[PDB]
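Taking it in order: structure first as structure tokens, then the write-up.
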There are 4 protein chains.
Amino acid sequence: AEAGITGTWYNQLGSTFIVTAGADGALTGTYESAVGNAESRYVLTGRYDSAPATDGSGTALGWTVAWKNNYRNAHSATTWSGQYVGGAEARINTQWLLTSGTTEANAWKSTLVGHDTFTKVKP
Amino acid sequence: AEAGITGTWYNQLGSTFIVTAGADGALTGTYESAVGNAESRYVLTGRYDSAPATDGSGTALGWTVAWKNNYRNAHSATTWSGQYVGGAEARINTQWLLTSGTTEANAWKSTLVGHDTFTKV
Amino acid sequence: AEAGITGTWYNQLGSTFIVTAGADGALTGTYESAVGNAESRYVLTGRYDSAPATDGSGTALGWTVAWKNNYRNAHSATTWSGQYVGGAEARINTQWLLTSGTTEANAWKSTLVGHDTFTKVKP
Amino acid sequence: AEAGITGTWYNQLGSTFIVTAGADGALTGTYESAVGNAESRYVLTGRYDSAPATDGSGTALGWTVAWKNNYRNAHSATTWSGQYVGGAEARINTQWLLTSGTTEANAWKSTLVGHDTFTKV
Ligand SMILES: O=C1N[C@H]2NC(=O)N[C@H]2N1
Ligand SMILES: O=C1N[C@H]2NC(=O)N[C@H]2N1
Ligand SMILES: O=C1N[C@H]2NC(=O)N[C@H]2N1
Ligand SMILES: O=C1N[C@H]2NC(=O)N[C@H]2N1
């Protein structure tokens, strides 16, 4: 649902996710990470299932943040893939992939995998 | 390099990816998968490092596709994370996450992982 | 440390992991899953860093369970990769990959990825 | 098929994997990586479906390598999960997880993921 996803969300590391769910299935907003070679806000763009099921199923969605802004460039991008679960305590449970740009040689070790949970605060 | 991400790419499954990379890091286009509960094109949006490093590195990028369009709603979303490398042969090497919208009971098995390599061939 | 890893462990799904850490860096034991096309115990085999660092670093380790035993055969295998963190509340935090055997055609969708946390109970 | 997993396999990085598949599902052998903070062989142990399905499916298997041996201790472990397919050309297609032992502060970035394909060539 757009309304449920739109808002301010934070995860266990203390990072901030600000998102708006457009009715066409789009997500736009900013991401502030609490860890990494990252400083300030970064632009995020994603997509979500604007039409989930009447099943207590989560709404699938995903987004990307390239870790480059006007203050820093970390030459990497992360994509979060998870599902939004609404209710009184709405959560977005995800798994993510962080890929750094590398030489063909260190490519075998270019992606880190992790998982974050987001708790909503504001709309 | 970078600006050369714009174009039509194909992966080993025969899926077609059409992207436009914008001056500031945005990625926009349509995706058409050869496999799955998917038909026709789906919209995709992503981001890429618009200022990759000397050095001899690839350009990090990623994008998302919610598999819902005027034809099908497969209640899932896929995100590809990888890097683009240009040269006589340019490719995009990625690892993807496909999450379906499940009930809690099946949440443990909601995400598939795989890897795709795209070329303009 | 072998002693710290050896014991009975359970995760958030309610599955049981019984393991013994041999001094050569080996792990052997049984796994009982609470979910899936699984019934009874399954054999697990793994390896761990018998020599972690004097740094509050976790001990890296991994293990595999082929979901075949005398009662069921699910034609799949899972590998858990994580780190053991000892203390009063010892945990093993992992990320796992579950691969099912498939036809070359459905191979694109043969692996599921997830993460489990194990809490120790007994040695 | 299955019993044919025994042998020496090589992956695209040039790493060598030597395994013995036992009648009941066990996998034993040594691994030697072409890349990383690793030197010589390391011991590996794993498991495989000793009774794969008609159908036309691969045999699911997985194994672990703790990168510690009499030469180096890289304080990490890698697990490969995949399936073996036999035929004139047999391969093992895998996705792996490499976890390093970190302090909590760096736990978020302790696991790398990748994919390897092994052949007997
Ligand atoms: O909040 C964060 N999530 C994690 N994933 C990532 O790429 N950086 C970390 N920060
Ligand atoms: O091209 C495709 N890549 C794979 N991942 C995914 O989500 N669907 C499949 N199609
Ligand atoms: O305890 C379990 N862990 C999960 N991973 C897996 O493969 N099956 C599930 N059961
Ligand atoms: O052959 C290798 N595979 C890759 N994964 C890993 O752990 N080290 C690398 N070497």
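Heads up, chain C uses Swiss-Prot numbers, so what you see runs 37-159.
So this one's X-ray crystallography, 1.6 Å, going by the header.
Note that Cβ sites are derived from N, Cα and C of the backbone, with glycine treated the same way.
As annotated by Swiss-Prot, domain 'Avidin-like' applies to C:37-159.
In three-state terms derived from DSSP, C:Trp132 (biotin binding site) belongs to an extended strand segment. In sequence order, C:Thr114, C:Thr115, C:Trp116, C:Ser117, C:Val149, C:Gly150, C:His151, C:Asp152 are the residues near C:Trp132 (biotin binding site), counting only same-chain partners six or more apart with C-beta under 8 A. What Swiss-Prot lists as biotin binding site is C:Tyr67, C:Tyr78, C:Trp116, C:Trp132, C:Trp144.
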Comparing local Cβ density (other Cβ atoms within 10 Å) for the binding-site residues C:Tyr67, C:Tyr78, C:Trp116, C:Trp144 points to C:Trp116
Among C:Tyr67, C:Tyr78, C:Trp116, C:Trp132, C:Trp144, the binding-site residues in the record, which have a C-beta under 6 A from ligand 3?
C:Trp132
What counts of helix, strand and coil residues does DSSP assign across the domain 'Avidin-like' (C:37-159)?
10 helix, 68 strand, 45 coil
Chain D sits near which of the binding-site residues C:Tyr67, C:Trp116, C:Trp144, counting only a Cβ gap under 8 Å?
C:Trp116
For ligand 2, list the binding-site residues among C:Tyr67, C:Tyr78, C:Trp116, C:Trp132, C:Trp144 whose CB atom is within a distance below 6 Å of it, in sequence order.
C:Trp144
